[PDB]
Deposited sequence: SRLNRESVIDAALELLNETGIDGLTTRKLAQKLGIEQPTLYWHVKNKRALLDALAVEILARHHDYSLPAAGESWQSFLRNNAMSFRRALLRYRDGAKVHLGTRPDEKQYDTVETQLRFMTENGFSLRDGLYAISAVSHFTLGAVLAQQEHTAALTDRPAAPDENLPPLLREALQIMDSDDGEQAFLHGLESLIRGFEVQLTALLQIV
């Protein structure tokens, strides 16, 4: 079939959903595209190259709160951005694992730059803006990974028994959103303290 970048990525994302990240291979991608492997090689050199591109395209396609709204608070931007990021990672099987280890791509430079600049325009030093952004990303990635890897993996004292019931009651969104608010408020307490002991 068609082997331009867009179609190769379409097919690879479909495959990712079928196989997961560990089970995703260039060989299976070739088959899905109805081609021989040396034909695929011209287009996609190896799995790493493929994963790198998927990590970019999953956000490009499904992560639509990359930028603050006009006038939006930094609190609200981090919240909306974290929720968007979470949703995008959850959209494909092992999506968080696909993201893990990556760095912003040239195609994301202006987007991530803008976010860093935005934090600095709201009173954060680059450093603290970065630490806030990173903490949100890590918290979000950790939460999604827990959800996704638990699924893949598929007596009790009483609190643990009930804790496990609480976690088996929804997908993880409640715990995530509750933690997200704690995180953001913590950033605000820090930002507002300036040089005061806090």
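Asker: List in ascending order the stretches of the deposited sequence, numbered from 1, that lack C-alpha coordinates.
Answerer: Unmodelled stretch: 155 to 163 only.
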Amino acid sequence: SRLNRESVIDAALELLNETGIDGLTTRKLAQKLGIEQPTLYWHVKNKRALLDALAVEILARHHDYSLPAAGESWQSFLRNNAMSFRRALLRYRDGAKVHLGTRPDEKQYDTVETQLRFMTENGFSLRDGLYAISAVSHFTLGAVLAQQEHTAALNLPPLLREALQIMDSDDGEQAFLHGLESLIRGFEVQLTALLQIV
From here on, numbers count along this sequence of modelled residues.
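Asker: With reference to the PDB entry, specify whether the mean Cα temperature factor is higher for 26 to 34 or for 161 to 169.
Answerer: Going by the record's values, the stretch with the higher mean is 161 to 169.
Asker: Splitting the chain's C-alpha B-factors into thirds, which one does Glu18 fall into?
Answerer: Its C-alpha B-factor, which the entry lists for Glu18, ranks in the highest third among residues of this chain.
Asker: In terms of the CA temperature factor given in the entry, to which third of its chain does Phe85 belong: lowest, middle or highest?
Answerer: Within its chain, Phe85 is a lowest-third residue by C-alpha B-factor, going by the deposited values.
Asker: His138's Cα B-factor: lowest, middle or highest third of the chain?
Answerer: Tercile = lowest for this residue's CA B-factor.
Asker: Once the chain's modelled residues are ordered by C-alpha B factor and cut into thirds, is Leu145 in the lowest, middle or highest one?
Answerer: Middle third.
Asker: Place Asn46 in the lowest, middle or highest third of its chain's C-alpha B-factors, as listed in the PDB entry.
Answerer: As the PDB entry reports it, the C-alpha B-factor of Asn46 lands in the middle third of its chain.
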